[PDB]
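Chemist: Below is the sequence, then the experimental coordinates.
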Amino acid sequence: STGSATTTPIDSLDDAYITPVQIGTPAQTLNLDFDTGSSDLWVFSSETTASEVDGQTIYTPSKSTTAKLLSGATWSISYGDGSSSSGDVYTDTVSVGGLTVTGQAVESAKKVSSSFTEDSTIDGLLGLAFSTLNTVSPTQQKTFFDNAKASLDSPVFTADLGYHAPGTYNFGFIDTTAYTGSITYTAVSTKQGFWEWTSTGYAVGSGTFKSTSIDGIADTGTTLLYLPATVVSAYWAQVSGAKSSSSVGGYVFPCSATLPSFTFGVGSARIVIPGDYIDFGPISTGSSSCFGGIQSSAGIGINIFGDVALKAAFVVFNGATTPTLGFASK
Ligand SMILES: C[C@H]1CC[C@H](NC(=O)Cn2ccnc2)CC1
């Protein structure tokens, strides 16, 4: 089997991407944030504290003839941005782009933190990291991909995120029309539960490539590119007036700037992030200070190849017995 679904930016800055997902019978379609940095499929629901729902579409398990309470199971998750959610668990039929999994754990939120409430466009998350990170207790549950994998034509999914435009998540096949040149594959460590790999270095603009190992994660659920402070300083030093602002919470730059590109290495291959991809717009409405899309990972404890990086590539998440990652230009 295969599936193919369009993923759409939630706003004009590509702050996140949503993908429609069918849950239950009859189908309830929710727009979920596909997150290769986490491993829980959770949704706003009829069980979510009413004051914490503000415009989201909810899953109502009592209206699904295939929903079954997973008795005794609870979940609770916190993310790197400080947001969180928790609740109980159903199993139900879940389909993405024509690919159907029966008995998928659908984690129903009883509580969500303020940032989730405040974002009306995201109805939940669909985790695509390794199932070892799944938070369901006392019986850990599998991701949608983990459940689907054996049925797929090939045990892979691909992320093809757009810049200020829709893109595609495919399951079970590689669309050879969706990228240019060849896909370069690189080793993955699953030891921390992530799609963790080692970039071979970077360049800023038209500058020379610096060969250096940068261990990080391919994370569709993180908006920005988080790299070591040395690398980030080298980038922003090429933008007149750019500075790290403790009050804003990262590097900012004059909105009048033309940003240089940023290149990262995948083996001997190179992925070029155009400068425009690194502009996250005014820090507050009407400001001439703009927020940067490349930020320091110092104090995160891990480098994160988030959407800023991934949207410059066609990315293969290869879930074979020994997982790997593939990157192509597009
Ligand atoms: C320092 C960084 C700050 C931004 C963080 N972004 C997230 O946590 C986004 N997220 C929510 C759910 N899955 C992903 C990542 C760490």
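Modeler: Sure thing, it's come through. Numbering: from 1, shown residues only.
Chemist: Can you get me a residue count around the residue of the stretch 1-150 of the chain found nearest the ligand?
Modeler: At 3.1 Å from the ligand, residue 80 is the closest residue in the stretch 1-150 of the chain, using CB to the nearest ligand atom. To be clear about C-beta, it is placed using only N, CA and C from the backbone, and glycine gets the same treatment. Residues within reach of residue 80, counting by other CB atoms under 10 Å, total 15.
Chemist: shouldn't it be in contact with residue 300?
Modeler: Yes. Contact criterion CB atoms under 8 Å: residue 80 and residue 300 qualify, at 6.8 Å.
Chemist: before we move on, the earlier item: tell me which element the residue of the stretch 1-150 of the chain closest to the ligand falls in.
Modeler: Here residue 80 sits in a region with no helix or strand, counting by DSSP states H and E.
Chemist: do you know how far it is from residue 72?
Modeler: Separation of residue 80 from residue 72 (CB to CB, to the nearest Å): 29 Å.
Chemist: How about residue 257?
Modeler: Where residue 72 is concerned, residue 257 sits at a distance of 55 Å (CB to CB).
Chemist: between the two, who's got more neighbours?
Modeler: residue 257 (16 against 10).
Chemist: The more buried one against residue 236, yeah?
Modeler: No. Counting by CB under 8 Å, residue 236 is not a contact partner of residue 257; they are 10.3 Å apart.
Chemist: Touching both of those two, which residues are there?
Modeler: Common neighbours of residue 257 and residue 236, using CB atoms under 8 Å, 6 or more residues apart in numbering, are residue 242.
Chemist: What parts of the stretch 151-300 of the chain come near the ligand?
Modeler: Proximity of the stretch 151-300 of the chain to the ligand, by CB under 6 Å from any ligand atom, involves residues 221-222, 226, 300.
Chemist: List just the nearest of those to the ligand.
Modeler: For those, the residue nearest the ligand by CB to the nearest ligand atom is residue 221; the value is 3.5 Å.
Chemist: Where does that closest one fall, secondary structure wise?
Modeler: Residue 221 belongs to no helix or strand, assigned by DSSP H and E.
Chemist: Report the distance from the helix or strand hosting residue 74 to the chain centre.
Modeler: Secondary structure from DSSP H and E places residue 74 in strand 68-78. Centroid displacement of strand 68-78 relative to its chain, using CA atoms, centre = their mean, to the nearest Å, is 23 Å.
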